[PDB]
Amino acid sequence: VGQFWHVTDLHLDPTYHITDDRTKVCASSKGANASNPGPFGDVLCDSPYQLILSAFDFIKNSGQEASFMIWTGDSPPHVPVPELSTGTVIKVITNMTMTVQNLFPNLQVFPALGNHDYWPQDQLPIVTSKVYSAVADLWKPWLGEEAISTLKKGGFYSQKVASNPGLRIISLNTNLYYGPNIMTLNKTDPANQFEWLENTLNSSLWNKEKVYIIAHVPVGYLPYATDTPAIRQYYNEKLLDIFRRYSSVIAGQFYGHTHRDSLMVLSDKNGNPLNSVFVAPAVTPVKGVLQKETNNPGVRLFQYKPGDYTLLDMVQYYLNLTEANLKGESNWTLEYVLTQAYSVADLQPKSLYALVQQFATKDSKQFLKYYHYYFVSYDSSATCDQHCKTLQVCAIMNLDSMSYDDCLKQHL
């Protein structure tokens, strides 16, 4: 099998620092006291460099052979806008990129921009900008001339996978569709990305290429909320239309942003599953004061069929933050292998569709395992009542507004 790494939502806090005053440990705790801070971080803080470095060091010495890596964005930390700048955002993105380039000098890496990869956060523009030009220079070792051009202009690109003939990564800037982005309200095709996408998929079809879609913010519905698409409904519907029509060219979709481990199955209006969608959890464990849960840090690995790119498996690795802070050593370890964990043959839309049918059933243990993995095993005492469970299952299976409304109507 071939395989590739997926990391996302690094969220470096350069001010991380263990000290007596726990309000003064990380700017990302937002002046609040870190709750239980260690060298690898705190649930109220974004990532210390030690955390991110231990993640990449684990990948490097994992004994796992991978031919590329996808990196779906969000490197700067959660601090107030006035505490950041264009210069500081570029500095953080540069530090992450150089960390990866130094540690992995021969691995092609496919980054996507996240909503924090810009100053001010979430305001990613539909024309060229300092941040887009900067990341185009930063990621030149991995991208051709045409990808550099589109990235500099709109924050998105496509690129052939050098080590995998017949595979192409499409890296979308889905922050253009993200609710908080006040730069793109009421535009029908912000930065022409839709027209660009269709052109690119059309060319991949005729060059007999397979396509992996990557982006930061995903399609579909936020699984913990009611009727809340991750991106604006209008853009979600239009993107999903493109994905459904090209579902035989697209062999996988990969997203981050939610900081959780979620599955989705893109389906038609009739219940034919068409593509498999994978939302990866964050390296940062950060949470607000009120939130009951957060994720353990996570990195993950995908296995696919050589020269074919059908997804065969996924391996989710994680770091137990409380224990790593307890002993002062990062024990990055196997959380689960998807096929083994859910007893499915592979990751094809059909296998996952049948597995989520099992999820639906009453007191499904499959769904309990899934819910425990949603938080990257942060808390097995976490529970999901039947309202919670309906919201989750309906978001997993129904990506478009009408399938989703029908699911909630029939099952809430």
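Each residue number is its position in the shown sequence, starting from 1. For the two forms, the rigid core is made up of the largest set of C-alpha atoms that agree within 1.5 Å on superposition.
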Given a rigid core fit, name the stretch, 43-51 or 25-33, whose C-alphas are on average farther from the form shown here in 7 other deposited structures of this protein. 25-33
Output the stretch having the higher mean C-alpha B factor in the entry; the candidates are 167-175 and 243-251. 243-251
Quick one: higher average CA temperature factor, 73-81 or 325-333? 325-333
Among 114, 307, 298, 155, which residue carries the highest C-alpha B-factor recorded in the PDB entry? 307
Residue 269: C-alpha B-factor third of its chain, per the entry, is the highest
Could you look up the Cα B-factor of residue 21 in the entry and say which third of the chain it sits in: lowest, middle or highest? highest
Divide the modelled residues of the chain into thirds by Cα B-factor and specify which third, lowest, middle or highest, holds residue 402. highest
Going by the recorded CA B-factors, say which third of the chain residue 261 sits in, lowest, middle or highest. lowest
Taking the entry's C-alpha B-factors for this chain, is residue 281 in the lowest, middle or highest third? lowest
